[PDB]
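What the coordinates show
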Amino acid sequence: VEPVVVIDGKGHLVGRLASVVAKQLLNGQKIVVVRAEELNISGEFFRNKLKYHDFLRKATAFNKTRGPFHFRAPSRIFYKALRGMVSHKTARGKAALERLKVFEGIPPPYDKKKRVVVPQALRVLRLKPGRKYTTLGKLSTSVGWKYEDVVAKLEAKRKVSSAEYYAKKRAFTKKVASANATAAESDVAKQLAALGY
Amino acid sequence: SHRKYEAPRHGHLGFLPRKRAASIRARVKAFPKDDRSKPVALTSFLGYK
Amino acid sequence: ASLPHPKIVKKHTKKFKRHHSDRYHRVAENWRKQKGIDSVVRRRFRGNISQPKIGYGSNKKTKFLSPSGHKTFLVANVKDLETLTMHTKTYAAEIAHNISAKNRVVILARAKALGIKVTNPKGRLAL
Amino acid sequence: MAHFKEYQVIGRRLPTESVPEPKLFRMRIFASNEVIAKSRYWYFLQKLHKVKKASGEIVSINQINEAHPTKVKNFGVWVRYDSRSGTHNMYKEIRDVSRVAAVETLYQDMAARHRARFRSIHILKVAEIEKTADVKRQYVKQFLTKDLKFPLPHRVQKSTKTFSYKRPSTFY
Amino acid sequence: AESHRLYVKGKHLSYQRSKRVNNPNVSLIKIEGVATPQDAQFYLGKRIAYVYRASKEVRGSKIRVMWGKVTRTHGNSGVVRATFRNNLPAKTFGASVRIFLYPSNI
RNA sequence: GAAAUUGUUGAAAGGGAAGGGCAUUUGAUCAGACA
RNA sequence: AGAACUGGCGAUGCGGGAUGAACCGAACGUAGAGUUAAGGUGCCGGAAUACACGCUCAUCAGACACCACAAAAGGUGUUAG
RNA sequence: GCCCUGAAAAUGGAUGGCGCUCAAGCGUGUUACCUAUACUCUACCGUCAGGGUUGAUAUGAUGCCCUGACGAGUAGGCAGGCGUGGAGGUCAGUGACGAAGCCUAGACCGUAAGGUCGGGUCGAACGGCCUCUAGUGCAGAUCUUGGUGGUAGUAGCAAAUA
RNA sequence: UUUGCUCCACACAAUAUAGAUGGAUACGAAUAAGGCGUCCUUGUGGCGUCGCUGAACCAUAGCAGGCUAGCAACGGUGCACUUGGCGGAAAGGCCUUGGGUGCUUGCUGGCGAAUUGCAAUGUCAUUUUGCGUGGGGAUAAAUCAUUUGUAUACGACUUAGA
Ligand SMILES: [Mg+2]
Ligand SMILES: [Mg+2]
Ligand SMILES: [Mg+2]
Ligand SMILES: [Mg+2]
Ligand SMILES: [Mg+2]
Ligand SMILES: [Mg+2]
Ligand SMILES: [Mg+2]
Ligand SMILES: [Mg+2]
Ligand SMILES: [Mg+2]
Ligand SMILES: [Mg+2]
Ligand SMILES: [Mg+2]
Ligand SMILES: [Mg+2]
Ligand SMILES: [Mg+2]
Ligand SMILES: [Mg+2]
Ligand SMILES: [Mg+2]
Ligand SMILES: [Mg+2]
Ligand SMILES: [Mg+2]
Ligand SMILES: [Mg+2]
Ligand SMILES: [Mg+2]
Ligand SMILES: [Mg+2]
Ligand SMILES: [Mg+2]
Ligand SMILES: [Mg+2]
Ligand SMILES: [Mg+2]
Ligand SMILES: [Mg+2]
Ligand SMILES: [Mg+2]
Ligand SMILES: [Mg+2]
Ligand SMILES: [Mg+2]
Ligand SMILES: [Mg+2]
Ligand SMILES: [Mg+2]
Ligand SMILES: [Mg+2]
Ligand SMILES: [Mg+2]
Ligand SMILES: [Mg+2]
Ligand SMILES: [Mg+2]
Ligand SMILES: [Mg+2]
Ligand SMILES: [Mg+2]
Ligand SMILES: [Mg+2]
Ligand SMILES: [Mg+2]
Ligand SMILES: [Mg+2]
Ligand SMILES: [Mg+2]
Ligand SMILES: [Mg+2]
Ligand SMILES: [Mg+2]
Ligand SMILES: [Mg+2]
Ligand SMILES: [Mg+2]
Ligand SMILES: [Mg+2]
Ligand SMILES: [Mg+2]
Ligand SMILES: [Mg+2]
Ligand SMILES: [Mg+2]
Ligand SMILES: [Mg+2]
Ligand SMILES: [Mg+2]
Ligand SMILES: [Mg+2]
Ligand SMILES: [Mg+2]
Ligand SMILES: [Mg+2]
Ligand SMILES: [Mg+2]
Ligand SMILES: [Mg+2]
Ligand SMILES: [Mg+2]
């Protein structure tokens, strides 16, 4: 559809967001994902916290370096969910993964670009209302992630500036609609209506 | 089988690897928590033993 | 110039090399059939080399034809060459490898006059 | 077992010299096709009389159609079933628009609640509960209260493309 | 104009395959904007170009093209099967491709 | 004056072996047939 | 460990059961087009993040025959009787 | 019924992995869809079988032509063939104007054993066909004899005063 | 060591390419609730309206887009300049001023297009590098050997030397 698709992680379910991100790559679609700290997992926080420590104990006995690596960051928790859905040990697999970028927050370029969403992984459309679920950022911070507060600080800063942008814009688009209206009832305008516009 | 007799291990795994350091000048891996009320000054100093 | 014929269909151009002929020098590529008891090849496990078998045999109609349509025929002298006088559209003369240089030009020359195709004119050609 | 039709089946003990014109028994049978229906018939019949298909004859098979297929109706349903550890009679109530719909969801319910597959179930009786207040199960009664209305809160529209440019909304 | 495009964009997905065995003689193609087998019936028979580049000029160009045709639809979500004159290289899994509008039937 | 095995030159490839099968890209290389 | 009848493996690849002598499907000349089996169709991975009614929330949930285990006994968790 | 307790083992780890909770879970139903060396249709190969055809004046009667069905395979049987050394016949065969041999990700024929050619190297002999003959075909035998590697510029070359 | 380096400009030459072919089109937050307009007492406020998909919005006509004329507008837009300002999460981009300049399909005109032969991607992207030309700019170091012992099996480390 588009050269790059930026996805607001926020309010999406890891393995569903993953499952679509994976396919998208394999089919040639570059993707970036943002706000992975605001990503969701079904199951109450404790369940996934316990789950994560399961992951923690696995390590190469003779040398904990050769062994499974545990990344604590929300983007990186995501990427794990994703990499596992990609034949990442093949050229074609290494290729697809490189069309992928994951990020906590929304760092430059991507904050002036538009982000989309993936309804078939949106939590609010998928989870039965009532079921307990989990936020990546809180999960990660529990297993070592060092940077929740900083991301939050920078985001609130970012969210302010973007509120200016919008306001500024909603102003301009009000004028536009006004103009667009004093041209209504004209011939050109009625003709277009006829043709569905 | 099982040790036979128990004894603590030999030495501390918190100091691995036990390799030569990357420099003669050990690094300050942390500084004192900042209290911005006090006047300005350093928080360390160089010297020779 | 050859008799017309149906499209020549080769069925399996790839040479059938011996198993492990690529693995140890002492094993020539010349086909040789595995007889051993456990062998993957002889048991035709998905993944290994195929073996020659009668399915691959070429169309009775185009067999022995070589690209140009002519069956080749080894030729040592003129007399030999001349056996293809009433068969120019069907056989091609190939000059034997031990024919001398000066004999090759006598053969080539006659072949021309008879309109007989030669498959290796250029052999020993004092160019 | 699928999507049922209801059949009247009629059979009767192959005639004999000393008993020409034996007696004729009918069963209503919910099955998905007439072949299964004739099987079921013989199944219960050898459970009641001394016959089996070998020595008997199906006389007539006819699909019965719902009398008022767009009339909402309160069905009282009676069932015999086998569990893992014993066998059990049971009464359920189903509200729908035809005996054929009703038996579809009973088999659904029996399977979903008691893990009863089709083989292990016996319809005793399906009949239209005429006067309300001889309706007994609440989960039905609930739908008879006057001027009933309810919202359908938290609306989930199915997305047709993978990406969306909005953030949805479940207003409804 | 800014647009000149007379084809429809498309993607080389996989070969035809089992779980563990693929068949290079059939490629599977995702056609932009086609979602159903019915939808994809329109494109059956349309011809398909995979267009690539190279270092050696040849018949005076540095652009070569593999040609093929859509042959049948594939599964439930608008994917389509295709054959090509020579099977496509498999590095192309995930590369673009053009489906033309000819042979026309409108 | 073969082979194992070696030096040089030229070309290629190489993220914990290598070699193989079906298929095609790319490079190199080549037969035939046109009239 | 030892018999009975058949079907197999041994002597046999192919598809499925991740894996595997014996299970399931199906037995093999070289190939094109079609259709299927058993088994599958979120992604790995070809194939509906299909439809439909229930049930289930596990601070060690569960997830498909052979098969890679669990029992007596209990629960005022919840479901239907 | 599902769930919970009852439920303890040794390297870190397995519903196949990711991950999934109005499921991507459990019970059940309805469609569609994917894909085996299997099924249907078609070409080609081979095997077996049934026909047809001695009529000259041209080329295979073990032939030529039509038709149908079939094709797994250890041990094992049989068959039709490939290749070597020597022997009878023959082609008045090849050859110092270069035999044989050897080399060659060059060509061509055969399903295959193998066969043919080109180029290079070489230097005295050699082959096709019908027969005859056997000291006749190698990857193995802790096979025989010879030759050669990795190991490796490695172990080491340090007793007896200098 | 034979005039080398760098930044801008063009030029030739190579080499590539995980895959341009109108546009990645920017609040936040909630989902048992929101967006937008409007009013007012500025609030968890009144009133109005929208959703039910981006099937949208924007752009889009001209030799892949030629050469030309005019009118109505004073708008749009490309480009190099200049004014003020904002952006450090990876800012390396955004906004604003002012003249200049090209285009305008807002409307109306003159000319052109064939023979690429009934299709053949019919070649319009961007990667990295190499070689000369001349427009700005800049004129080091590391290593060996020597040496110290805060170091050391050898390398390595740490000093020192116009
Ligand atoms: Mg102990
Ligand atoms: Mg170091
Ligand atoms: Mg052998
Ligand atoms: Mg063995
Ligand atoms: Mg065996
Ligand atoms: Mg009735
Ligand atoms: Mg010599
Ligand atoms: Mg090479
Ligand atoms: Mg190949
Ligand atoms: Mg059996
Ligand atoms: Mg045995
Ligand atoms: Mg078998
Ligand atoms: Mg298999
Ligand atoms: Mg298993
Ligand atoms: Mg995987
Ligand atoms: Mg798929
Ligand atoms: Mg469907
Ligand atoms: Mg069982
Ligand atoms: Mg119990
Ligand atoms: Mg209970
Ligand atoms: Mg298991
Ligand atoms: Mg799975
Ligand atoms: Mg189910
Ligand atoms: Mg076949
Ligand atoms: Mg057949
Ligand atoms: Mg056989
Ligand atoms: Mg047999
Ligand atoms: Mg012989
Ligand atoms: Mg002999
Ligand atoms: Mg001898
Ligand atoms: Mg060689
Ligand atoms: Mg030749
Ligand atoms: Mg020569
Ligand atoms: Mg010679
Ligand atoms: Mg001599
Ligand atoms: Mg003989
Ligand atoms: Mg012998
Ligand atoms: Mg052997
Ligand atoms: Mg040997
Ligand atoms: Mg042997
Ligand atoms: Mg030996
Ligand atoms: Mg030796
Ligand atoms: Mg030495
Ligand atoms: Mg030494
Ligand atoms: Mg010693
Ligand atoms: Mg001494
Ligand atoms: Mg590439
Ligand atoms: Mg409102
Ligand atoms: Mg407002
Ligand atoms: Mg209000
Ligand atoms: Mg819009
Ligand atoms: Mg113009
Ligand atoms: Mg970035
Ligand atoms: Mg004009
Ligand atoms: Mg210069």
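Rules of the game
Residues numbered from 1 in each chain as written, not as in the entry; some residues may be left out. Chains lettered and ligands numbered in written order. Part of a larger assembly, values for the part shown. Heavy atoms only, no water. UniProt positions renumbered as here; feature names shortened; annotations may be inferred. Pairing = 2+ DSSP bridges. Helix = DSSP H or I, 4+ residues; strand = E, 2+ residues; numbered from the N terminus. Axes fitted to C-alpha atoms, helices over the stretch in contact; angles between N-to-C directions. Buried < 20%, exposed > 50% of the residue type's maximum accessible area, 1.4 Å probe, protein only. Near = heavy atom within 4 Å. Polar contact = N/O pair within 3.5 Å; in protein donor to acceptor, adjacent residues only side chain to side chain. Nonpolar A, V, L, I, M, F, W, Y, C, P; charged D, E, K, R; others polar. Domains from an automatic or database assignment. Contact = heavy atoms within 4.5 Å. Buried area = accessible area lost by both parts, 1.4 Å probe. Salt bridge = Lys/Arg side-chain N within 4 Å of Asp/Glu carboxyl O. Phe/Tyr/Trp six-rings, centres within 6.5 Å; stacked < 30°, edge-to-face > 60°. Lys NZ or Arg CZ within 6 Å of the ring centre and 35° of its normal.

Method-wise, the PDB entry is recorded as coming from X-ray crystallography, at a reported resolution of 3.0000 Å.

Per the PDB entry, chain D goes by 60S ribosomal protein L20-A and derives from Saccharomyces cerevisiae ATCC 204508 / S288c. The deposited entry bears the title "Crystal structure of Lycorine bound to the yeast 80S ribosome". Looking at the Subcellular location heading of the UniProt record, one finds this comment for chain D: "Cytoplasm". Among the UniProt annotations of chain D, the heading Sequence similarities holds the following wording: "Belongs to the eukaryotic ribosomal protein eL20 family."

The name the PDB entry gives chain B is 60S ribosomal protein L3, with Saccharomyces cerevisiae ATCC 204508 / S288c as the organism.

Moving on, we get to the sheet that holds strand β1 (residues 4–8) of chain A. Residue and element names in this part refer to chain A. An order of β1-β2-β4 is seen for the 3 strands of this open sheet, with the pairing classed as parallel. Edge positions in the sheet fall to β1 and β4 (100–102), since each of these pairs with one other strand and no more. In this sheet, adjacent strand axes meet at a mean angle of 15° when their direction is disregarded. Bridge count between β1 and strand β2 (residues 30–34): 5 bridges; the pairing is parallel. Bridge pairing in β2 places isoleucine 7 opposite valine 33.

Here we come to the environment of A:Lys10. Residue and element names in this part refer to chain A. Mapped onto the fold, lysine 10 is located in the loop between β1 and α1 (14–26). The class of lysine 10 is partly exposed, set by a relative accessible area of 34%. Between the C-alpha atom of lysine 10 and that of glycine 28, which follows or precedes it by 18 residues, the distance is 24 Å.

With that settled, the discussion passes to the protein's contact with RNA strand H. Close contacts around RNA strand H come from 87 residues, with C:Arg32, C:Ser58, C:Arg104, D:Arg115 and D:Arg117 the closest. Close to the protein, within 4 Å, the atoms of RNA strand H are drawn from sugar and phosphate at a rate of 76%. C:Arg26 is positioned such that a nitrogen or oxygen atom in its side chain is 2.7 Å from a base nitrogen of RNA strand H. Between RNA strand H and C:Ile54, the relevant distance is 2.8 Å, taken from a sugar or linking oxygen to a main-chain nitrogen or oxygen of the residue. Broken down by element, the residue count for the surface near RNA strand H peaks at 6 residues, all from helix α2 (residues 99–114) of chain D. Taken together, the residues that form the surface near RNA strand H break down as 29 nonpolar, 26 polar and 32 charged.

Size of an interface, as often reported, equals the accessible area lost when the parts are brought together. Residues and elements named next belong to chain D. Under the domain assignment, chain D is made up of domain 1 (3–69) and domain 2 (70–146). Placing the centre of domain 1 and that of domain 2 at their C-alpha centroids yields a distance of 24 Å. Every contact between the two is made by 13 residues of domain 1 and, on the other side, 15 residues of domain 2. Of the roughly 1,200 Å² buried where domain 1 meets domain 2, counting both sides, 58% is carbon and sulfur surface. Taken as a group, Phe4, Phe30 and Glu66 account for 47% of the area that domain 1 buries against domain 2, more than any other trio of residues on that side. One can count 2 salt bridges joining domain 1 with domain 2. The partner of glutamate 6 in a salt bridge is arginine 99, with the nearest N and O atoms 2.8 Å apart.

With that out of the way, let us pick up the interface of chain A and chain D. Taken together, the contact pairs 18 residues of chain A with 10 residues of chain D. Of the roughly 1,300 Å² buried between chain A and chain D on both sides combined, carbon and sulfur atoms contribute 66%. Counting the surface chain A buries against chain D, the share from its top three residues, A:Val117, A:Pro119 and A:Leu125, is 34%. Between chain A and chain D we count 1 salt bridge in total. Where A:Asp8 meets D:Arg167, a salt bridge forms, and the shortest distance between an N and an O atom there is 3.9 Å. Of all the secondary structure elements, the ones that give two or more residues to the side of chain A that touches chain D are β1 and α5 (123–126) of chain A.

Looking now at the interface of chain E and chain A. In this complex, chain E contributes 6 residues to the contact, which on the side of chain A involves 5 residues. Taken together, the two surfaces of chain E and chain A that pack against each other cover about 410 Å², and 42% of this comes from carbon and sulfur. Per-residue buried area on chain E facing chain A is highest for E:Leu13, E:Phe93 and E:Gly94; these three make up 61% of the total on that side. On the surface where chain E and chain A come into contact, there are 0 salt bridges. Taken together, the links from chain E to chain A amount to 0 residue pairs in polar contact.

The subject of this paragraph is the packing of aromatic side chains. Summed over the entire model, instances satisfying the criterion amount to 17 aromatic pairs over all chains. Here D:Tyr41 and D:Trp42 contribute two aromatic rings whose centre-to-centre distance is 5.1 Å and whose plane-to-plane angle is 80°, an arrangement assigned as edge-to-face. You can call D:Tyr41 buried: its relative accessible area is 1%. The interplanar angle of 75° and the centroid separation of 4.7 Å between the aromatic rings of D:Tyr43 and D:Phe44 together place this pair among those described as edge-to-face. Classification of D:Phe44 as buried rests on a relative accessible area of 16%. Through pairs of rings, three or more aromatic residues link up here, namely E:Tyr7, E:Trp67, E:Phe100 and E:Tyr102. Here D:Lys125 stacks its cationic end above the ring of D:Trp78, 5.8 Å away from the centre of that ring.

Before going further, it helps to spend a moment on the protein's contact with RNA strand F. Near RNA strand F, the surroundings consist of 20 residues, among which C:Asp22, C:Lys117, E:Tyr52, E:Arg64 and E:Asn87 are the closest. The separation between a phosphate oxygen of RNA strand F and a polar main-chain atom of C:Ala1 is 3.0 Å. Measuring from a phosphate oxygen of RNA strand F, one finds a side-chain N or O atom of E:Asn86 at 3.3 Å. For the surface near RNA strand F, a count of residues per class yields 8 nonpolar, 6 polar and 6 charged.

Our next topic: the sheet that holds strand β5 (residues 87–96) of chain D. Residues and elements named next belong to chain D. The strand order across the open sheet formed by 3 strands is β5-β4-β6, and the pairing between neighbours is antiparallel. Looking at the sheet topology across the chains shown, the edges are occupied by β5 and β6 (121–128). Sheet twist, expressed as the mean angle between neighbouring strand axes with direction ignored, is 20°. Strand direction decides the pairing type here: strand β4 (residues 73–82) and β5, joined by 10 bridges, are antiparallel. Residue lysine 73 lies in a different strand from β5, and its bridge partner there is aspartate 96. Along the sheet, α2 contacts β4, β5 and β6; its crossing angle with β5, the most-contacted strand, is approximately 130°.

Before going further, it helps to examine the pairing of strand β4 (residues 63–74) of chain E. Residue and element names in this part refer to chain E. Relative to β4, strand β3 (residues 47–53) is paired through 7 bridges, and the arrangement is antiparallel. From the neighbouring strand, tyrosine 50 faces β4, where its bridge partner is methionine 66. Of the pairings in the sheet, the one linking β4 to strand β5 (residues 79–84) comprises 6 bridges and is antiparallel in character. Its bridge partner being in β5, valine 70 is matched across the sheet by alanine 82. What sits between β4 and β5 in their antiparallel hairpin is a turn of 4 residues, with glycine 75 showing a positive phi close to 70°.

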